[PDB]
Amino acid sequence: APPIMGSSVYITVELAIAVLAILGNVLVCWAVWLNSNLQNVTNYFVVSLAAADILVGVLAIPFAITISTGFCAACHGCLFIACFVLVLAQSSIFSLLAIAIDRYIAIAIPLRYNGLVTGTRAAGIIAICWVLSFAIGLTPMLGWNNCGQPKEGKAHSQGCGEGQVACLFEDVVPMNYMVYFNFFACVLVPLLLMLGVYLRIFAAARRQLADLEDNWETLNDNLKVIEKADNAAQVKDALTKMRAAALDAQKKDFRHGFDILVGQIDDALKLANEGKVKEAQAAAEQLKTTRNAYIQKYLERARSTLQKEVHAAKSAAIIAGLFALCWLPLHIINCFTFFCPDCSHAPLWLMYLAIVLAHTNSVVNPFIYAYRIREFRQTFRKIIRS
Ligand SMILES: CC(C)CCC[C@@H](C)[C@H]1CC[C@H]2[C@@H]3CC=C4C[C@@H](O)CC[C@]4(C)[C@H]3CC[C@]12C
Ligand SMILES: CC(C)CCC[C@@H](C)[C@H]1CC[C@H]2[C@@H]3CC=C4C[C@@H](O)CC[C@]4(C)[C@H]3CC[C@]12C
Ligand SMILES: CC(C)CCC[C@@H](C)[C@H]1CC[C@H]2[C@@H]3CC=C4C[C@@H](O)CC[C@]4(C)[C@H]3CC[C@]12C
Ligand SMILES: CC(C)(C)CC(=O)Nc1c(F)cc(C(=O)Nc2nccs2)cc1F
Ligand SMILES: CCCCCCCC/C=C\CCCCCCCC(=O)O
Ligand code: NA
């Protein structure tokens, strides 16, 4: 069969992916521009993400079509178009790694997040990552290439001039760079780091919740210790454990709630040190009405805020998971080409399937924000309507 027929399916799919990559991610950046709520440090890395995704459809996908033809070109010119996609991939890894750290800081030290990260500090980090993304992605340009040993038989076959080579990815980019330098160090290592970061995120989130239910049980169980106590000392051991638990749960409406609770504990605590048993048991009963009007409000506002931060971390973890699933097949084919010389090279239909699968990651991101983030979903509607 003619080669152009099989190539017609590939180019059409490649362009279809490019259209969805530009439209979807432009819609994300326009939503962040309009909405005031969507303007925060976490979303700036989201825009830095969608920035690279647009550049895939505008440059990387057109580049990938041009390489598929094997057109004649100078080895370094062919080297830039083949390595530019490596810059955008490294940009996305740094962005995804920044989001995981951001969500880790917000859940580990909530009362220090606003003092730690700001807008201007985040904007600088984006610049540093993008500069490093060019450096890593264009390392073969600095001399780690196969230009010194060009395929001459393939060049004269298509009648390339002197200094020109048949432009193909595996022909100009060394596989050791792609396996050791690119895959292992630059791709696999940061991906494993995100897995560890997200593991600590979900660990620290649930541990604060046995903490929330533990203080709630320390407050409830010791009330029944006072209700059936015999002596003045037994009420003291129950009130002192509640007083420490009351001070542990807090760390205007929030402050005044404990002002009545901890105060009423001292009202009964002083009556216990005097020896008055019955008057202490009555003063402790006042704590129940204070519990149903202030404490249970904070038990359930804390549970609500922690659940919304876990929902945000789950949504961000999906973006990293979809990045790993989309790119790994294209990387493992590089591992087979490099490590196993006895193996027959992966067929052309599979190579086409792996490339488009790596490109699909540009489209999948805006669908996740709409399905998982409520603020993004509402903002998309008003841009579509008008
Ligand atoms: C953002 C866009 C519009 C800016 C332009 C970038 C593109 C289109 C330009 C800049 C560098 C150019 C490469 C310059 C070097 C060569 C070597 C030659 O044998 C074939 C063309 C080729 C490979 C050019 C491809 C087009 C190229 C990649
Ligand atoms: C998430 C991480 C750990 C993924 C691991 C990918 C790498 C390390 C593993 C999984 C599949 C492995 C390939 C399994 C098959 C072979 C065939 C053999 O002749 C050489 C090694 C080689 C080619 C392995 C390379 C390493 C490989 C690519
Ligand atoms: C991590 C998940 C997404 C797994 C994806 C499956 C990929 C990486 C595995 C499964 C089947 C594998 C193919 C197994 C058989 C061949 C033919 C051989 O001559 C070279 C390797 C090659 C082409 C393997 C490529 C990698 C391959 C496509
Ligand atoms: C289809 C050909 C063989 C006739 C031309 C060609 O070589 N196409 C091609 C391409 F445009 C990009 C890549 C690529 O990006 N590979 C990566 N592996 C890890 C990160 S990126 C691989 C390719 F084979
Ligand atoms: C912005 C969305 C995508 C539309 C942009 C147009 C994409 C054009 C596709 C490929 C451009 C290059 C085609 C191949 C050029 C080399 C041909 C040759 O020299 O034989
Ligand atoms: Na991407």
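This part is about the state of the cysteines. A complete count under the given rule lists 4 disulfides for this structure. Covalent S-S linkage joins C78 and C167, the inter-sulfur distance amounting to 2.0 Å. Here the disulfide of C78 and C167 is right-handed, its torsion about the S-S bond being about 90°. One end of the pair, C78, is in helix α3 (residues 75-108); the other, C167, is in the loop between β2 (164-166) and α7 (169-172), and 89 residues separate them in sequence. Considered together, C78 and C167 belong to a single accessibility category, that of buried residues. Through a disulfide, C340 is tied to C343; the S-S separation comes to 2.0 Å. Negative torsions about the S-S bond denote left-handed disulfides, and the value of about 90° found for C340 with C343 makes this one right-handed. Assessed through its relative accessible area of 23%, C340 is described here as partly exposed. When the bonded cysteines of the chain are numbered from the N-terminus onward, they pair as 1-5, 2-4, 3-6, 7-8. For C29, which is in no disulfide, the shortest distance to another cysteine sulfur is to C129 and amounts to 17 Å. The structure places no disulfide on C83, whose sulfur is separated from the nearest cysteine sulfur, that of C78, by 8.9 Å.

Take the packing of helix α1 (residues 3-34) against helix α14 (residues 348-359) next. The contact between α1 and α14 brings their axes to 10 Å, and the two run at 5°. It follows that α1 is roughly parallel to α14 by the angle criterion. Seen from α1, the contacting residues are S7, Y10, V13, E14 and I17; seen from α14, they are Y352, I355, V356 and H359. Tallied by class, the residues present in the contact of α1 with α14 amount to 6 nonpolar, 2 polar and 1 charged.

Before going further, it helps to examine the coordination of the sodium ion (ligand 6). At this site the sodium ion (ligand 6) is bound by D53 (OD) and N361 (ND2), with donor distances of 2.6 to 3.0 Å. Of the residues examined, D53 reaches a relative accessible area of 3% and is grouped as buried. For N361, a relative accessible area of 5% gives the class buried.

Quick look at the site of ligand 3 now. Inspection of the region around ligand 3 gives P329, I332, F336, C343, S344, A346 and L350 as its neighbouring residues. Here an oxygen atom of ligand 3 sits 2.3 Å away from a polar atom, N or O, in the main chain of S344. Here ligand 3, which alone exposes 600 Å², has 52% of that area covered by the protein. At 3 residues, helix α13 (residues 301-339) tops the list of elements feeding residues into the shell around ligand 3. The residue inventory of the shell around ligand 3, partitioned by class, reads 6 nonpolar, 1 polar and no charged.

With that settled, consider empty space enclosed by the protein. The calculated volume of the second largest cavity comes to roughly 100 Å³. As for the second largest cavity, its lining consists of 13 residues, and the residues nearest its centre are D53, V56, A89, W327 and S362. Within the residue set of the lining of the second largest cavity, elements represented by two or more residues are α2 (41-69), α3, α13, α14 and α15 (361-372). Among the elements that make up the lining of the second largest cavity, the one with the highest residue count is α3 (4 residues). Per-class residue counts for the lining of the second largest cavity are 8 nonpolar, 4 polar and 1 charged.

So, how was this worked out
- Residues numbered from 1 in each chain as written, not as in the entry; some residues may be left out.
- Chains lettered and ligands numbered in written order.
- Heavy atoms only, no water.
- Disulfide = S-S within 2.5 Å.
- Helix = DSSP H or I, 4+ residues; strand = E, 2+ residues; numbered from the N terminus.
- Buried < 20%, exposed > 50% of the residue type's maximum accessible area, 1.4 Å probe, protein only.
- Axes fitted to C-alpha atoms, helices over the stretch in contact; angles between N-to-C directions.
- Parallel < 35°, antiparallel > 145°, perpendicular 65-115°, else oblique.
- Contact = heavy atoms within 4.5 Å.
- Nonpolar A, V, L, I, M, F, W, Y, C, P; charged D, E, K, R; others polar.
- Donors = N, O, S within 2.8 Å, 3.2 Å for Na, K, Ca; no water.
- Near = heavy atom within 4 Å.
- Polar contact = N/O pair within 3.5 Å; in protein donor to acceptor, adjacent residues only side chain to side chain.
- Areas by Shrake-Rupley, 256 points an atom, 1.4 Å probe, with all protein chains shown as cover.
- 1 Å grid on protein atoms, 1.4 Å probe; cavity = no way out; pocket = protein on both sides within 12 Å on 5 of 7 lines; lining within 4 Å.
- Points joined across faces, edges and corners; volume = space filled by probe spheres on them.

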